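[1] quick one, structure for this:
(2 chains, ligands or ions: 4)
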Amino acid sequence: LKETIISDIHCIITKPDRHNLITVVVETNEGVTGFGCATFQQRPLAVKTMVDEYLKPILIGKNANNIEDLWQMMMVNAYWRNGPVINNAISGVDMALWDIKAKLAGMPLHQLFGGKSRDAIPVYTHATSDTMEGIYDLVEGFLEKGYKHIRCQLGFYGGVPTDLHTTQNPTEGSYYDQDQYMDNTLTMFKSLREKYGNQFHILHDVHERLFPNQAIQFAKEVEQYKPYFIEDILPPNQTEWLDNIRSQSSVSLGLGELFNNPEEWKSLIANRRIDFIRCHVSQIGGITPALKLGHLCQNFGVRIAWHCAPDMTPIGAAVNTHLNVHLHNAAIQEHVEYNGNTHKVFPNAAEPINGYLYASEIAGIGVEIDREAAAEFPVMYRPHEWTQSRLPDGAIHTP
Amino acid sequence: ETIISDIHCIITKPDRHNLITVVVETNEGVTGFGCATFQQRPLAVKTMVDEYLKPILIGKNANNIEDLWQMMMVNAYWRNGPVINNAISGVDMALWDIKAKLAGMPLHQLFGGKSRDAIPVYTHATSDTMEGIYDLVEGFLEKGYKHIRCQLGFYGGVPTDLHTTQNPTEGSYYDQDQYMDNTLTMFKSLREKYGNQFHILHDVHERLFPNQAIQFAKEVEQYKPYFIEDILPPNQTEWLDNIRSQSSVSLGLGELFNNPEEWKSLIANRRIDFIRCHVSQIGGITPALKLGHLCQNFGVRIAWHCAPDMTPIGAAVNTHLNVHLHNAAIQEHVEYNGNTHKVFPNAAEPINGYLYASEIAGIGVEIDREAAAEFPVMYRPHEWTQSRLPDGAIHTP
Ligand SMILES: O=C(O)[C@@H](O)[C@H](O)[C@H](O)CO
Ligand SMILES: O=C(O)[C@@H](O)[C@H](O)[C@H](O)CO
Ligand SMILES: [Mg+2]
Ligand SMILES: [Mg+2]
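    Numbers count the residues shown, from 1 in each chain, chains lettered A, B, ... in the order given. Ligands and ions are numbered 1, 2, ... in the order given. Structure data below:
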């Protein structure tokens, strides 16, 4: 191996399905090209500005081989640090550098790490509908495909305030009622267990919809249905309340897709407050920190379920599968089938087979972006009205 | 209702620093100004304001600052961090400016008025020699300052003078042991010469590993610093327990904070004496009031970070916060140069070691948009942030 000099950096935003996806491309003098995921779907222009105007100038000319040095350097380069815009931009670079390294090594990404500790990673997918029969329809399709884990949600939560006990002139927003949401969810679980028994593991995402007193009540009530995990039962700033849950419920908990600061997860993990870490890999700054966090979780007996919803490139998905077949404490990979457009922008994107995702076996990450093809689906402004989530009295709640 | 009619985000560089101002316009003729300054990444903040905050603010009622703050903070789902928070801060401060203007009151009067007459100020004396420090100190004492942050030596640049490797990686190098030794010599020398004539502050600037920090804290204690600042990086503050158990040294920390999880345990466990957050990096006035109150409960005082790379609008806001919040302690000095005074008129300067809050309606300082246009954004690399130890490793800068 000789020095590998960075020659150019690109940042591409594309929207082949419903979400703005962000890819970073790192070119080298040596003609070895790396690809990485930088997807912060809600603010893609801010991530692209970050890469183009700020990371590019500090990276051109540097030796790509020293990923660790470059990561440490990038993370503190703006002085102020740790956030979703900065970390996503860095992730795109970090993943691309790992891609370049694996290509130079002539190895699949996970082989650099130390290779496999499992044959493939199990997958769970999403069944959400306003009717139980909609859920049943989705569930039965997934079971036919060999899925053994399904995240189920009954009802949609966020609409006009008129349906609720609201005030005389409600502030504009996406309204919901926490009690209605909990009641529907418990009914859903009961119905699913009566209908399917233990045919599949049921997951559910509380999505920080609750106050702490509601969260603990919900944990106790849902316990009997033995969810594989209940996800984001609290927002990231009230996880200290997990202690009271852990002292009286055996419910399995996943949390962390929101994290972009180590102080959000350090005490959480050291105190065993969760069972599955859920971080979005690009939010914490890429592969480099994901390995370390995986190892931290291993020490404390916490398993890994990285956030892998559709708001991420198939490049990012492939990276997570490499991480997932390598880290011994990886548990499961979230997945939603890719549409035709996405498959076209990112060739060779793996889909699950009989409920398992297999890591790519060519050199590198295994998935790149077709640039000229990404341009057909340009960045789209989206209001994301659901993030203006309000309770009946009109107050914002964490969405 | 005060309906928001437009939002602007102006980057201007009258001095060394790309400063960022948010302007909120209204149909009530009233105009608000706020600071969104993240100097190292200004275009990212501007993108955030222009493309993302503006559409969720136009047509909304500016009176309800608290709602708008809560709404903005979670609007991108992912949250916290310097880019989003600074954008939000610019808006938040401008909404406060509008409210104060409509009330016909200085900002601090909205909050509940003064709990001190003015806020003391600390200045900066950095030199390569003790004599250089003495000269600076004496000039400050003559002007009525009683608190001075002192630093002996400059720490960065070429590693030729250090015990480095054969072919050092490009970067701004320093040696932690030389830095600690120089700082201790500085404290000793200042106390020998001036005794208790003035309070001495020093900013460790996260230069140390935890084991070094603990040792330094114990050694420097005898010199009674007013505070030692950023003795640890924001991800190693658990190590403050080690220090707090065996040293009486006064500690300030937090200019780097942008996430409440960074300060919550720290404050509830009394691990610092002065909170140092930069108001715009935590999201503006709205969260600064709450954080100030949180500290008050726990017996922690306030020394918000102030620097030339914050608009004078931001400075004025801090002085309003400082004369109002009972647990405020001291305001870091920012000697603004002439161009900056031109672009941001009526900026207060210390008088006999004190900063007095503005007494006109509003924040009291605005941006002159024509003046600002004379100094467009200019790229800067900030090479100092690539800080390295003699073996070539990055250290938090
Ligand atoms: O676990 C999940 O897939 C969800 O929490 C989504 O990521 C969230 O609605 C933002 O897209
Ligand atoms: O406390 C201070 O004024 C310094 O730590 C500055 O924030 C830092 O050098 C970046 O400009
Ligand atoms: Mg989720
Ligand atoms: Mg400082």
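[2] what does chain A have sitting close to ligand 2?
    Residues of chain A lying near ligand 2 by CB under 6 Å from any ligand atom: residue A:79. From N, CA and C alone the C-beta is placed, and that goes for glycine too.
[3] can you pull out the helices in chain A?
    In chain A, the segments counted as helices under DSSP state H are A:44-49, A:56-59, A:67-76, A:84-105, A:109-113, A:132-144, A:178-196, A:212-222, A:242-246, A:262-270, A:287-300, A:314-326, A:340-345, A:371-374.
[4] in the stretch 101-250 of chain A, what residue is nearest ligand 4?
    Among the residues of the stretch 101-250 of chain A, residue A:237 lies closest to ligand 4, at 25.3 Å counting by CB to the ion.
[5] what residues are up against that residue?
    B:260, B:261, B:264 (CB atoms under 8 Å, 6 or more residues apart in numbering or on different chains).
[6] between these, which is nearest ligand 1?
    Closest to ligand 1 out of the contacts of residue A:237 is residue B:261 (19.5 Å), distances taken as CB to the nearest ligand atom.
[7] got the phi and psi for the residue of the stretch 101-250 of chain A closest to ligand 4?
    Taking degrees, to the nearest 10, you get phi -100, psi 10 for the backbone angles of residue A:237.
[8] mind checking how far the residue lying closest to residue A:223 once chain neighbours are set aside is from ligand 4?
    Leaving aside its chain neighbours, residue A:223 sits nearest to residue A:251 (4.8 Å; criterion: CB to CB, 6 or more residues apart in numbering or on different chains). Residue A:251 sits 44 Å away from ligand 4, taking CB to the ion, to the nearest Å as the criterion.
[9] residue A:251: what's it in contact with?
    Contacts of residue A:251 by CB under 8 Å, 6+ apart are A:219, A:220, A:222, A:223, A:227, A:230, A:245.
[10] isn't the fifth one right up against residue A:205?
    Pointing back at residue A:227 there. No: between residue A:227 and residue A:205 there is no contact under CB atoms under 8 Å: 10.3 Å.
[11] how about the residues of the stretch 51-200 of chain A near chain B?
    The stretch 51-200 of chain A has residues A:53-54, A:57-58, A:69, A:72-73, A:76-87, A:171 near chain B, with proximity defined as CB under 8 Å from any CB of the partner chain.
[12] restrict those residues to contacts with ligand 1.
    Among these, not one lies near ligand 1 by CB under 6 Å from any ligand atom.
[13] give me the buried entries from these.
    A:53-54, A:58, A:69, A:72-73, A:76-87, A:171 (16 or more other CB atoms under 10 Å in any protein chain shown).
[14] what's next to stretch A:370-377, contact-wise?
    Contacts for stretch A:370-377 (CB under 8 Å, 6+ apart): A:10, A:12, A:14, A:15, A:16, A:23, A:25, A:341, A:344, A:345, A:346, A:347.
[15] what's the answer for stretch A:52-70, then?
    A:1, A:3-9, A:11, A:26, A:28, A:34, A:73-74, A:77-78, A:89-90, A:93-94, A:97-98, A:100-101, A:288, B:40-41, B:43-44, B:169, B:379, B:381, B:386, B:393-394.
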